[PDB]
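There is one chain below, alone, in structure tokens, taken in the form deposited in one PDB entry.
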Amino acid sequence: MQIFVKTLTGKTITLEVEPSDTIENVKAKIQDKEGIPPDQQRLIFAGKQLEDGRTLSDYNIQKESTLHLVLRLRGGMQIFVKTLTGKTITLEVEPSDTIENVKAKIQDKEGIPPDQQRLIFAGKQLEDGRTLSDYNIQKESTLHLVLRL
């Protein structure tokens, strides 16, 4: 099926897709066609930011559906949140951001409830009320992300 991805300037990317294709697959196509890194890409449909792990069918995206592409600026501090599946999530953050706030971003991006998230850094399970600075988390530091068992 054919779908359209539009920037908020009206710049359009037309994609050949399958209902079982994932949002991550779509970002890969956008990178190959437009040269936009997947990390900068934010896809929106029906007012929701679309999670990489989900399929187009999961979001009820169908023939001739129009998705919105919002792009994230780099700017200052980035950190990596890394799964043991080998997925590396880039987050734009600030030193005074709390772990609670980071998990809220992960919930938005990946659909994981904050209470199910375990972030690990320096061998420690990170607590929600502390800042990145409190934990000495620096530019391009990596946090391990695993689920509660």
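Residue indices: 1-based, along the sequence shown.
A summary of the deposited B-factors shows that, of 78-86 and 106-114, the stretch with the larger mean C-alpha value is 106-114. Taking only CA atoms, the mean B-factor in the PDB entry is higher for 28-36 than for the other of 88-96 and 28-36. Looking only at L8, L143, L147, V5, the residue with the top Cα B factor in the deposited structure is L8. Remark: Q125 belongs to the lowest third of its chain, ranked by C-alpha B-factor as recorded.
For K63, the recorded CA temperature factor ranks within the highest third of the chain's modelled residues.
From this point on, the text means the form deposited in another entry, which you will not see here.
Panel note: of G75, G123, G35, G47, the residue at the hinge between moving rigid parts between the shown form and the other one is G75; all others are over 12 positions away.
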